[PDB]
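Shown below, as structure tokens, is a lone chain in the form deposited in one PDB entry; questions about how it binds or moves come after it.
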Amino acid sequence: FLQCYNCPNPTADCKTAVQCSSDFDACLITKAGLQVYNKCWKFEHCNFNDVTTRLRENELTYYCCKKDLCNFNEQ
């Protein structure tokens, strides 16, 4: 399994460390203005189309990774 910070909704400091389901193979960090997304995620969805449509954010920056808790905001 992978561990990621995973919060259901964007928050300033998502500190909720989870062991993600077998469904997930990546951790996501996304910054769209000052809302921050941290999620258990899927590498197949690590692109602008899938991140933007799934978060409903237009302009954003994102980073996907596969080491435990690599999901931090300073990333």
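Counting begins at 1, following the sequence as shown.
Not on display, but discussed next: the form solved in complex with a partner chain.
Each of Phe24, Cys40 and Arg56 within 4.5 Å of the partner chain in the bound PDB entry, by any heavy atom, yes or no?
None of them does, since no heavy atom lies within 4.5 Å of the partner.
Is there a non-hydrogen atom of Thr61 within 4.5 angstroms of a non-hydrogen atom of the partner chain in the bound PDB entry?
Yes, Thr61 lies within 4.5 Å of the partner chain in the bound PDB entry.
Against the partner chain in the bound PDB entry, would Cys20 count as a contact residue? Criterion: heavy atoms within 4.5 Å.
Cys20: no, not in contact with the partner chain in the bound PDB entry.
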